[PDB]
Novice: 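Before I ask anything, let me first share the structure, which is written out below as structure tokens.
In the text below, chain A, chain B and the rest are named by the order of the sequence lines, each starting its count at 1.
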Amino acid sequence: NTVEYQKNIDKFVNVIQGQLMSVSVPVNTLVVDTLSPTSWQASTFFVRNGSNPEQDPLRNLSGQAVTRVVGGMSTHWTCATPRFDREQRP
Amino acid sequence: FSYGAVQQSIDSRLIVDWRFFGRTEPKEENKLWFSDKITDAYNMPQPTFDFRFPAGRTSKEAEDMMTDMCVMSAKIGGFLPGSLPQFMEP
Amino acid sequence: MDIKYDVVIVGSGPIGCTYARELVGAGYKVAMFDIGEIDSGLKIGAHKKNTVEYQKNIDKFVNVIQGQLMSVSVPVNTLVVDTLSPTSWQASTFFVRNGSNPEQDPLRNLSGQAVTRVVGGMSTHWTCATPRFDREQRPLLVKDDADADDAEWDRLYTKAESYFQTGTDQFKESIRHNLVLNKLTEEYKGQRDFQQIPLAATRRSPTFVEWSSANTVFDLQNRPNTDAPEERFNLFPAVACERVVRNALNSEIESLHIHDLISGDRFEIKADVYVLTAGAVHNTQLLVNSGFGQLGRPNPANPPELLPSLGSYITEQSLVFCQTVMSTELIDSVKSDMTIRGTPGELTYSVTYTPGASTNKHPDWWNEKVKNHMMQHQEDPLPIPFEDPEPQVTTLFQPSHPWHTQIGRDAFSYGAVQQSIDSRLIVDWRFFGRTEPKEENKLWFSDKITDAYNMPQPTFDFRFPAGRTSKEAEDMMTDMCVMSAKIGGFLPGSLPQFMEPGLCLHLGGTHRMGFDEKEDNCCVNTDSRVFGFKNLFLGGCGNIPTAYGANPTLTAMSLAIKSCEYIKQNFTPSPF
Amino acid sequence: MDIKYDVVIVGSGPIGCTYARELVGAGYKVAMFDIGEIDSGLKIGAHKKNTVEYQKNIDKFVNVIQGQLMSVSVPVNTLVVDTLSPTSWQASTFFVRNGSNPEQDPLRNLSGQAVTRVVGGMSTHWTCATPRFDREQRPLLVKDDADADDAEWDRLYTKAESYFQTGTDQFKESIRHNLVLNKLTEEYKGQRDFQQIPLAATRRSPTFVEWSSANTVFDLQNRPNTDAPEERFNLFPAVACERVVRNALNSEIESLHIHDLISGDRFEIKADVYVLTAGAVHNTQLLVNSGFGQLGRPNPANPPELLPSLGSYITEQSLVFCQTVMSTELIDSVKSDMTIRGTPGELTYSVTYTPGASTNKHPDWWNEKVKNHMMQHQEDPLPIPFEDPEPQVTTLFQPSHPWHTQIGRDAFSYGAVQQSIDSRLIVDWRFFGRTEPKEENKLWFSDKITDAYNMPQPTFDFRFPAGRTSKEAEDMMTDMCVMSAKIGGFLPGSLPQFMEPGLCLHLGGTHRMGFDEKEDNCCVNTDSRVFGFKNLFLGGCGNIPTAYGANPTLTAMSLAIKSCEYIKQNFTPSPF
Ligand SMILES: *Cc1cc2c(cc1C)Nc1c([nH]c(=O)[nH]c1=O)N2C[C@H](O)[C@H](O)[C@H](O)COP(=O)(O)OP(=O)(O)OC[C@H]1O[C@@H](n2cnc3c(N)ncnc32)[C@H](O)[C@@H]1O
Ligand SMILES: *Cc1cc2c(cc1C)Nc1c([nH]c(=O)[nH]c1=O)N2C[C@H](O)[C@H](O)[C@H](O)COP(=O)(O)OP(=O)(O)OC[C@H]1O[C@@H](n2cnc3c(N)ncnc32)[C@H](O)[C@@H]1O
Ligand SMILES: *Cc1cc2c(cc1C)Nc1c([nH]c(=O)[nH]c1=O)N2C[C@H](O)[C@H](O)[C@H](O)COP(=O)(O)OP(=O)(O)OC[C@H]1O[C@@H](n2cnc3c(N)ncnc32)[C@H](O)[C@@H]1O
Ligand SMILES: OC[C@H]1O[C@@H](O)[C@H](O)[C@@H](F)[C@H]1O
Ligand SMILES: OC[C@H]1O[C@@H](O)[C@H](O)[C@@H](F)[C@H]1O
């Protein structure tokens with residue numbers, strides 16, 4: 001709800017990404033084999049960068065994220081508010 | 001909420017987004033649980049998921065949803081290169 | 001090298017080899033020239049995929065294809081690079097660089113179009129798909145008598161199929177081929193019929209296919225030789241053919257001007273019959289360089305002396321692509337007839353089936369292969385054997401689905417080959433649309449810019465026509481999305497897309513056939529003879545004047561066979 | 001194919017061809033097998049870049065290279081693909097997919113290591129750089145007499161240079177070459193020496209270089225023939241050599257077990273002398289498959305019976321790479337001797353120079369080419385002719401810069417080839433470090449997992465050693481950054497970087513040479529003969545036991561020459 005964001009709406013994605021903190025990130029196993037021989041080099045895929053060694057990367061919700069600001073996710077949401085029909089509703 | 005770099009080649013007045021969302025059957029095996037050892041950034045038990053989309057109706061509908069988006073969106077225009085039909089991260 | 005031959009052939013691809021097979025066999029003294037060199041091994045002009053190594057490492061053959069596809073027309077590059085060091089030499093303009101063509105509008109191009117300069121041409125790397133066209137795709141050879149026209153096409157295609165060794169049986173024992181064929185057949189329930197893609201190939205063994213090529217049509221060995229002591233043929237590689245010389249009256253060709261690329265020498269070669277099979281782009285180039293059609297940017301205020309339709313009414317196909325990852329239901333189905341007891345990797349595990357049971361879903365050979373895979377590789381979570389051949393499935397073009405389809409695995413991959421998803425699960429989908437011939441769609445040649453062989457630079461001015469061509473193209477996209485979903489969901493990184501215009505290399509109509517030069521807006525007649533010229537013939541896909549979605553080479557070969565018939569009726573071979 | 005030969009050679013690369021040249025020439029009845037096929041033109045085993053088309057389209061050759069580099073050891077993939085459709089078959093584990101090697105630690109690999117299976121081996125695509133090693137990089141051939149050691153190495157290198165047609169003046173009239181060379185010579189005056197990279201090649205014309213290959217060494221034609229009517233040689237392509245059969249006493253090889261890949265039949269071939277030149281990986285594989293060294297994951301508690309150092313002490317070089325865009329200052333220097341008047345594109349334009357002027361910064365050959373380019377291409381903003389050859393510049397390995405260097409343009413490009421910067425501005429930089437031999441750096445073969453030819457799967461356990469190796473590698477990086485800056489800034493997209501371990505394909509020491517099996521931890525003596533075996537010889541880079549930065553093939557060829565001198569003295573040819 002800023003004049004600047006509604007004039008530059010392509011920029012709002014940055015707001016969203018800035019306050020979506022991933023819930024569970026599995027241990028990273030990407031191979032980097034082009035480090036300099038003088039650089040400190042991992043022998044294992046150890047727990048780095050706040051990753052979750054409990055998490056099976058193949059049974060995750062990797063996109064699940066949380067927002068910690070006053071107003072919660074309603075500070076960035078799309079504002080779509082349909083009713084559920086009977087088939088979807090408790 | 002755009003998902004990749006915003007393209008600048010095609011005039012934005014021509015672009016229409018399509019997002020279709022499926023319903024997921026509740027299954028006891030699909031879980032959110034909390035580590036008894038690993039903690040998050042606020043020293044609280046670390047969230048972990050054990051999730052897959054259930055076989056049967058949830059999976060069949062998910063794929064028929066994809067087909068429905070390909071069929072429907074074609075009535076408006078062809079796909080924008082770089083934003084082709086895809087499942088998003090769970 | 002002689003000064004004089006009965007027949008000279010420009011190009012050693014499969015269409016020039018059709019001419020050679022017919023005419024060398026009929027006793028003519030033939031020379032063939034190709035601008036490229038021998039580089040398929042000891043079988044001259046053979047398929048480069050016919051190595052044991054390439055068939056064991058089939059993800060590698062894309063490199064061979066890419067290695068010998070030289071882009072026809074690359075527009076001047078306008079990418080902004082603004083992170084050079086300030087000491088580096090920097091352009092003030094987007095100047096003509098790196099062999100780019102300043103004639104080319106980047107927005108009306110066939111960017112994908114590319115040419116191959118090697119003995120055997122494109123048939124050293126092609127997919128070997130050889131479908132016939134149905135009537136709706138096919139030009140007319142007999143007007144006002146459709147049964148005569150059908151008979152003539154069936155005789156010509158049958159011959160052409162013999163030349164290429166076309167069959168429909170080479171993949172009949174693949175589990176993946178039958179898995180996908182049978183599911184599609186069931187799902188369509190008579191609305192569409194499926195078969196094996198007709199392929200120019202012979203299976204040698206369960207792990208090796210001898211793919212056909214130019215070599216299969218004609219072995220390209222000089223003659224006479226021990227196997228053919230009464231025949232006369234010479235092939236001259238690394239010879240650029242540049243011009244055919246017209247008599248004053250524009251009724252005959254008097255010589256062919258060539259340039260030997262190794263010596264630098266130039267010659268005028270004399271023949272009774274001149275045959276141009278240099279490809280749809282280079283036949284056009286050679287003719288324009290020889291004073292046919294119009295050199296330079298089209299100018300309708302200066303109509304050409306000869307062949308006003310040369311380079312107009314060009315057609316290229318729309319091509320849509322994706323890959324899929326086989327459904328869980330389909331993979332479980334592979335093992336539907338099996339009884340599986342215990343835990344894999346333990347000595348109590350077993351997999352069995354009942355041979356010849358009436359109610360088995362699969363034949364005994366299938367079940368045998370599944371059983372042996374599952375018992376010998378209990379570490380593996382799939383039931384498909386490791387060296388199972390790829391699918392090769394089609395539903396051919398029909399009026400209700402006016403596109404050709406190839407479903408399976410193609411050597412011409414389009415991005416990095418992914419390694420995360422098992423290859424056994426992957427099926428490719430390529431659907432090819434037909435394009436209406438329109439006068440405004442053009443291949444022309446610059447009067448100033450030249451190519452790497454100092455020949456007039458090719459330039460395209462092309463868009464897919466509005467109306468039918470475009471509606472069908474999008475409908476074809478939708479059809480691929482709908483069909484492929486019956487087998488599996490899309491593979492991430494191979495999502496449904498249109499390919500670059502001309503990537504599919506099915507360009508037609510650049511020197512098109514018809515019955516009447518003016519009424520049919522054409523360049524050659526049904527003998528592939530250039531109108532007005534007694535002794536000048538063209539072969540290839542540039543001949544085809546129709547809108548077609550199927551792969552064109554077989555159709556071009558068939559036209560070449562018919563052209564040969566006319567040669568044999570109108571020119572006498574010299575005495576041996 | 002006969003069952004019996006005087007000498008059998010495994011592999012038709014340049015090192016097997018060195019054995020063929022010496023021993024066929026000396027009268028032995030020789031057979032050579034290769035697992036790959038004749039695929040390169042009528043000159044068997046020749047360089048694939050020696051076509052007119054590749055030298056006009058030199059950016060396309062990287063595809064040829066890629067097409068025949070098959071990775072040695074690919075670890076199990078752990079990429080997460082979590083955007084499949086829910087209907088698609090989805091893995092529960094990172095199971096063994098796509099021919100991956102579950103033995104391989106992805107973090108202790110040579111992931112860039114690759115093998116070539118074609119007649120002529122890797123010499124069908126190599127760069128042709130053939131420098132000599134100085135003492136510091138070179139194993140001893142004479143103990144306790146440095147001068148005699150140097151004399152022996154000079155004798156052998158001189159022959160090897162002759163066989164490959166090594167030379168240092170093929171690029172001497174390249175503007176780009178001399179511009180870079182002169183600038184680096186001045187910048188490092190009295191500190192480092194710069195010269196042309198020694199290249200196995202013969203210039204044929206100003207726009208064509210005949211690159212050497214295996215074919216240069218030995219033509220690979222069957223003999224006897226008209227040109228060699230008393231020589232005896234047969235080459236058998238598409239034959240996988242699987243095992244040398246040891247006698248029980250482990251003193252002699254009794255036969256070579258082969259698999260004909262076309263028929264599928266197996267044979268046992270007898271020879272007097274068995275020569276293994278299958279490359280540094282596949283020689284090791286064939287020996288371990290034959291009971292030498294240790295099969296399976298290394299286990300020091302079960303010492304092997306034979307050749308305990310086989311597959312240990314392996315070395316591969318560190319490689320750093322970048323590209324630069326030529327500085328404005330250097331570009332403007334190219335035309336420093338020209339007098340320019342008039343308007344480019346008009347009849348008033350004139351570019352001239354004074355031949356011989358003492359105030360000229362460049363030679364007359366250089367100015368003549370600049371002038372002719374500027375006059376014939378007056379629209380073009382650079383003074384460099386379009387077909388000016390690339391630089392080929394080096395400063396060879398020295399103690400104060402203990403790395404090999406190659407500066408110019410290599411056909412093995414590593415990313416998509418940029419098109420926005422004019423190619424005449426681009427200079428490549430590749431610096432190669434030496435690697436200490438360490439017993440813990442190993443190539444070993446799985447006892448369960450097999451490759452595409454059903455042979456034991458190679459596995460690497462490799463890291464660049466701490467200490468001098470590592471320090472010099474980083475110092476090498478910094479030296480590239482400092483030196484390249486004298487020519488121009490970095491090209492975006494080709495910034496200074498280490499290449500994947502083993503991408504450089506300079507693997508050595510996998511069956512290393514020394515004087516004494518135990519004291520020098522080695523596999524072959526200085527005749528290249530396998531310790532303990534009368535009639536088994538190894539050739540190739542796997543013989544080299546030292547830490548070397550320079551390209552190894554010339555050195556391996558030198559050692560094969562010496563080996564043949566022993567063969568000729570200790571075995572007699574059979575009667576013709
Ligand atoms: C991010 C996002 C979310 C939605 C849309 C788009 C995007 C990019 N669009 C959208 C949504 N929902 C719709 O129905 N229609 C749409 O068009 N989005 C989801 C929606 O945004 C959420 O469902 C909604 O806010 C949920 O409301 P809530 O149940 O009030 O939860 P919030 O997460 O908003 O706020 C919770 C709140 O609590 C705080 N917090 C968290 N943990 C603690 C602890 N331990 N102590 C104290 N406070 C805590 C958070 O900081 C947060 O503010
Ligand atoms: C590259 C490609 C091509 C096809 C397939 C797949 C791939 C990646 N798949 C395929 C195709 N066609 C089908 O019907 N089915 C499929 O499954 N491909 C197209 C097919 O490959 C071509 O249509 C066919 O070769 C055309 O045959 P041609 O008319 O004989 O033409 P070529 O381009 O093969 O050979 C021309 C020949 O001429 C030489 N040349 C060119 N210019 C000159 C000059 N001026 N002088 C002398 N010689 C010249 C060339 O070097 C070339 O060898
Ligand atoms: C690929 C490459 C390699 C080099 C350069 C560039 C690139 C991209 N440039 C280069 C190199 N070396 C130099 O010193 N200077 C440079 O400028 N390259 C390395 C060079 O190419 C090799 O060092 C050289 O060929 C090694 O020669 P060789 O020892 O004869 O080994 P090859 O690998 O060439 O040939 C072996 C031959 O054996 C066959 N084979 C393999 N296994 C089997 C079995 N089991 N049975 C039968 N035959 C087998 C292969 O098929 C092969 O042809
Ligand atoms: O882009 C790949 C396609 O190329 C066309 O030329 C072939 O006819 C198709 F079979 C297919 O391989
Ligand atoms: O990666 C490219 C490098 O490959 C090596 O094998 C060559 O010896 C170098 F000349 C260089 O071409």
Novice: Donor-acceptor pair, C:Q457 side chain versus C:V72 backbone, under 3.5 Å?
Specialist: yes
Novice: Keeping the roles fixed (side chain from C:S88, backbone from C:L84), state whether a donor-acceptor pair exists under 3.5 Å.
Specialist: no
Novice: Nearest heavy-atom pair of D:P131 and D:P198: which atoms, and what distance?
Specialist: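 It is CA-CG, 4.1 Å.
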Novice: Given side chains that start at C-beta, do those of D:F490 and D:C481 come closer than 4.5 Å, heavy atoms only?
Specialist: yes
Novice: Do the ring planes of C:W89 and C:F95 sit parallel (below 30°), tilted (30 to 60°) or perpendicular (above 60°)?
Specialist: perpendicular
Novice: Do D:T405 and D:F397 have side chains that get closer than 4.5 Å, going by heavy atoms?
Specialist: no
Novice: With side chain to side chain contact (heavy atoms under 4.5 Å, CB included) as the test, would you mind laying out the steps for D:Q419 and D:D59 before giving the verdict?
Specialist: CA-CA 11 Å; D:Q419 295 301 311; D:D59 276 8; 3.8 Å; yes
Novice: Locate the shortest heavy-atom distance separating C:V81 from D:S420; write the atom from each residue and the value.
Specialist: CG2-OG, 3.2 Å
Novice: Tell me if a side-chain donor or acceptor on C:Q68 pairs with a main-chain N or O of C:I65 at a distance below 3.5 Å.
Specialist: no
Novice: With D:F321, which of D:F412, D:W429, D:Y414 fulfils ring-ring contact (aromatic ring centres under 6.0 Å, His included)?
Specialist: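 In the set D:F412, D:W429, D:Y414, the residue that makes a ring-ring contact (aromatic ring centres under 6.0 Å, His included) with D:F321 is D:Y414.
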Novice: Answer whether the closest heavy-atom distance between the side chains of D:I175 and D:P385 falls below 4.5 Å.
Specialist: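 Yes. Closest side-chain heavy atoms under 4.5 Å.
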Novice: Any side-chain heavy-atom pair from D:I487 and D:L330 closer than 4.5 angstrom?
Specialist: yes
Novice: Side chain to side chain contact (heavy atoms under 4.5 Å, CB included) with D:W211: which of D:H125, D:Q55, D:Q165?
Specialist: D:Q55
Novice: Does D:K60 reach the main-chain N or O of D:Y54 with its side chain, forming a donor-acceptor pair under 3.5 Å?
Specialist: no
Novice: So among D:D428, D:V325, D:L425, D:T324, which one has a side chain to side chain contact (heavy atoms under 4.5 Å, CB included) with D:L491?
Specialist: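 Of all the options given, the one that passes is D:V325.
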Novice: In terms of side-chain heavy atoms, does D:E316 have a donor or acceptor partner in D:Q113 at a distance below 3.5 Å?
Specialist: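 Note: D:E316 and D:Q113 side chains meet the donor-acceptor criterion.
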Novice: Does the side chain of D:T555 come under 3.5 Å of the side chain of D:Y157 through a donor N or O and an acceptor N or O?
Specialist: yes
Novice: Between D:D364 and D:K369, does any NZ, NE, NH1 or NH2 come within less than 4.0 Å of an OD or OE carboxylate oxygen?
Specialist: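 Result for this pair is no, no salt bridge flagged.
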Novice: Any chance the side chains of D:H404 and D:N551 put a donor and an acceptor closer than 3.5 Å?
Specialist: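 Looking only at side-chain atoms, D:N551 and D:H404 do form a donor-acceptor pair, the distance falling under 3.5 Å.
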Novice: Is the backbone N or O of D:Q406 less than 3.5 Å from a side-chain atom of D:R430, with the two atoms forming a donor-acceptor pair by type?
Specialist: no
Novice: Will you find, in the side chains of D:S494 and D:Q323, an N or O donor that is under 3.5 Å from an N or O acceptor?
Specialist: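 Yes, because at least one side-chain N or O of D:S494 sits under 3.5 Å from a partner of the opposite role on D:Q323.
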Novice: Could D:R192 and D:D479 be called an ion pair, given the rule that one side-chain N must be under 4.0 Å from one carboxylate O?
Specialist: yes
Novice: Let me see the working for D:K471 and D:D475 under salt bridge (charged side-chain N to carboxylate O under 4.0 Å, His left out), right down to the final yes or no.
Specialist: CA-CA 6 Å; D:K471 180 171 171 47; D:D475 293 348; 3.1 Å; yes
Novice: Quick check against the 3.5 Å criterion: does D:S336 have a side-chain atom that pairs as donor or acceptor with the backbone of D:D332?
Specialist: no
Novice: Are D:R176 and D:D388 within salt-bridge range, i.e. N to O under 4.0 Å?
Specialist: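 Yes, charged N to carboxylate O under 4.0 Å.
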Novice: Got a salt bridge between D:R203 and D:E210, using NZ or NE/NH1/NH2 to carboxylate O under 4.0 Å?
Specialist: no
Novice: Keeping D:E379 on the side-chain end and D:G345 on the backbone end, is there a donor-acceptor pair under 3.5 Å?
Specialist: no
Novice: Within the side chain of C:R117, is there an N or O that forms a donor-acceptor pair under 3.5 Å with the backbone of C:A238?
Specialist: no
Novice: Keeping the roles fixed (side chain from D:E390, backbone from D:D410), state whether a donor-acceptor pair exists under 3.5 Å.
Specialist: no
Novice: Between C:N109 and C:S73 (side chain of the first, backbone of the second, donor and acceptor by atom type, cut-off under 3.5 Å), is there such a pair?
Specialist: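 Confirmed, C:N109 side chain pairs with C:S73 backbone.
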